[PDB]
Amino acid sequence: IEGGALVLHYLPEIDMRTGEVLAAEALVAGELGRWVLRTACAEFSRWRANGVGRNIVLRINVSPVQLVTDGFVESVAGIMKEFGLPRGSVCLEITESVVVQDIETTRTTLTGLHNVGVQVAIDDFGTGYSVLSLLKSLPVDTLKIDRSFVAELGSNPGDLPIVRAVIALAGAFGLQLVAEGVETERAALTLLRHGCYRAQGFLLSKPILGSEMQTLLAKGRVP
């Protein structure tokens, strides 16, 4: 929506054991979607300015079109410095559908971002292109288990072997885990049993306005 300016919503990512909020996924050249990125960082530093969300990470969905456009890191780097955001506080979620040439260029960008203290995550994991291959080449930090897998996690026994295998990969690759699409208590408890404690989903929390997040972050926890 437009208020003359962009109205972003923020999907909280929580520790499911404690209920504690650990991060917030910001939801909504030619494609100057750094406008989204810029708005999120501004709203994020605002929380930080108010002594809230100091220890949490801001997650922004970044396109591969957005990525590897020359002077992409210059913006991400500058944008963070602009709003006094410290290292590790921003994590760019990249789609698994990289499906891009210059895999070296992609790798130099990701390492480039790490030099600038920016984490990277694979969004919608298991649904894109070259799912398993990417794990070898790209120095990412976080994995995000797609809606698809978490949806019927408890109900279908057939989802668990897959999820158990994905968790193994993350563990084996030294990658942080996040489950997205937790809409049931069954999936919730199953993710906990097998060692996936970070998650997002309608059961846990809904996309909320910047002000609403700041309030939630003031508590620092949810049921």
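Don't overthink the numbering: it's just position in the shown sequence, from 1.
The entry models residue 28 and residue 29 with a gap of 10 or more deposited residues left without coordinates. Annotation for 72-80 versus 99-107: the higher mean temperature factor (C-alpha) is found in 99-107. Higher average CA B factor: 62-70, of the stretches 62-70 and 40-48. Sort the modelled residues of the chain by CA B factor and residue 90 lands in the middle third. Per the PDB record, residue ranking by Cα B-factor puts residue 176 in the lowest third of the chain.
In this PDB entry, residue 153 carries a Cα temperature factor that places it within the middle third of its chain's modelled residues. Placement of the Cα temperature factor of residue 118 within the chain: middle third of the modelled residues, per the deposited record. In the PDB entry, a CA B factor belonging to the middle third of its chain's modelled residues is recorded for residue 216.
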